[PDB]
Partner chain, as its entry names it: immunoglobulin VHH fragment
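Here you get one chain, nothing else, as structure tokens; it is the form solved without its partner chain.
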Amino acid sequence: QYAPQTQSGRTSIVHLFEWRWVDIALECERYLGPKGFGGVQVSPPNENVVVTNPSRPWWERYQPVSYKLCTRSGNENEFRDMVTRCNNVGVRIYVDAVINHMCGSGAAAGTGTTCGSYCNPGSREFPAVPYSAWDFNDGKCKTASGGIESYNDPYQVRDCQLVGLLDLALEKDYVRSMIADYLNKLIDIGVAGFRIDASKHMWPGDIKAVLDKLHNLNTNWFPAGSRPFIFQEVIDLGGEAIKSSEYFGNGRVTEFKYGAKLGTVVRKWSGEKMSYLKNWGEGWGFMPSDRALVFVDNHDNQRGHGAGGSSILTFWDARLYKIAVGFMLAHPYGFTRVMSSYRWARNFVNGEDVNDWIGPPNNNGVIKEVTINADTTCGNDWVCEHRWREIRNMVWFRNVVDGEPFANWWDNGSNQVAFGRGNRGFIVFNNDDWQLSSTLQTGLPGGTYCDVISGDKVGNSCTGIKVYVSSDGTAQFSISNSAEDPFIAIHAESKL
């Protein structure tokens, strides 16, 4: 459950948020495969309710009505084709499994669903599954409202309705089996693992029961006896009754402290400095490295949802975002997930975006295709952070230094730091309001390396900055605080 099952040498997964199956299949072949990306986390592939007020929000996909593979991203046919095509080029697929609940209890009854299935929230009727009134936790919840009123009581967090969503009775074998059969269909198609949505709102034991029913991965792409990769979404910043450690037995867990603290450090808030990152990882109170799935931002907190947080860095703060993502990709802690989003019109009232509901680019409800420009960026308001040179090259950097020890740390006692990974990679950051000029020991063999942040190695030359490492391992670095990207990264494969 802890092994990502990526093709050997690939160390990151990318969340292609709200992307259509056909677009992801193409992306795997023309980009993700050749550029060394390990996998793709897809939006929920199961049928959801249609929300017209507001107009098709991204969150309607977190209100399941059935387990039919029929959404705005595509149908079963297109989903199977995407999985097959991506697996054939060495890119895995990870499914966002929404299994804690169904649709909103106060939703209207009818066929206003992405595939035409009927449902009646009031009577707890889901014919397409099928689920009935006794497949839910209505009588199990003890709050006056029926919803989660306090996060200091583990019972109501797991047995009550999360934002009015009908809570499934996961202790029942009927429910456990229905969910397992849905997940097994996905595994048989070729999916490598799952992101278990709202794991915090389910009992660790119930999740384990579902996981014990899962088949081994498809032998057409995976070795015999391969178990699906599992990463549970558990928001734990401390101070609450539920802890991330309660879920360690099922598989990996999302470490939300990672992005919250990294963001604070890079923004230089609350007296934090980059020099403090020397003991980054478990030294900062994070879960064990082999149990964590790390990321700077996710689909929720980049727009104030989930636990939110003001320190969270997103594409909106591009310069700092690249620094944070670059640090994450270079550091050995955890398994890394890169975010890929779409842009929406923000409207801040009282320091909060009220347009955080806006769904993916669309033409009257139909999600727009991902167009690729001449400079390799995306059109139609798809941000495609995974295509930014600075990010794609750091994804490659992580592959090159996989398994290498954290080494040769240096800092100026403020916000200028540098470190290497064995004798295969080195990175230097300048997050101070003044210039950086030092001769650092890189731990790398002598020669001329291409900086992969400002450019690329093309043939026997570099398109960006060139760094010369003398015979003893030292190299002079000069980074201005006004530089577009205030950090340099060189590795064994960028050497001329």
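Positions refer to the first chain, counted from 1.
This next part talks about the form solved in complex with its partner chain, which is not shown.
In terms of contact with its partner chain in the deposited complex, the residue from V129, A260, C378, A180 that brings a heavy atom within 4.5 Å is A260.
This chain lacks the partner; the member of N75, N184, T264, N423 within 4.5 angstroms of its partner chain in the deposited complex by a non-hydrogen atom is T264.
Contact check for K273: a heavy atom falls within 4.5 Å of its partner chain in the deposited complex. Residue contact with its partner chain in the deposited complex: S311 places a heavy atom within 4.5 Å of it. At least one heavy atom of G283 is located within 4.5 Å of its partner chain in the deposited complex.
Contact check for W269: a non-hydrogen atom falls within 4.5 Å of its partner chain in the deposited complex. Partner contact region in the deposited complex: 283-291, out of 283-291, 321-329, 378-386, 219-227, criterion any non-hydrogen atom within 4.5 Å of its partner chain.
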